[PDB]
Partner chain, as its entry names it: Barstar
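What follows is a single chain, given as structure tokens, in the form deposited without the partner chain.
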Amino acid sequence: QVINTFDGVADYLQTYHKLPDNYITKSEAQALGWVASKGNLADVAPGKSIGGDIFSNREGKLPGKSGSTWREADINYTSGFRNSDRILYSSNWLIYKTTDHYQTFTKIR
């Protein structure tokens, strides 16, 4: 099976300290041919979801420890345009969720 659910990815991150093999950055996706406005990710990178890019967190929505960095990954993606579901994970593996395109977050771990 493909690890792309909230619990599946949350557990993987906290245990393996990295995203599963089905995640690729936006820049890797783009170089493969992903064109956001065409929603072709599943055509150009079968089985992959966007994940691993740094999330800025300038709006102070997520709780940053002094030297921590936040990263994000798409959740529940299989085909077409990207959805609004994302998993947010910190340097010390704090896990947050958003289902409203980064408007609001809730802790899941």
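Residue numbers count along the first chain shown, from 1.
Novice: Averaging only over Cα atoms, indicate whether 95-103 or 12-20 has the higher B-factor in the PDB entry.
Specialist: It is 12-20 that shows the higher mean C-alpha B-factor.
Novice: Averaging the C-alpha B factors as listed in the entry, name the stretch that ends up higher: 49-57 or 64-72.
Specialist: Result: 64-72.
Omitted from view is the form solved in complex with the partner chain, to which the following refers.
Novice: Does the 4.5 Å heavy atom contact test between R58 and the partner chain in the entry with it bound come out positive?
Specialist: Yes - in the entry with it bound, heavy atoms of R58 and the partner chain come within 4.5 Å of each other.
Novice: Please check if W70 has a heavy atom lying within 4.5 Å of any heavy atom of the partner chain in the entry with it bound.
Specialist: No.
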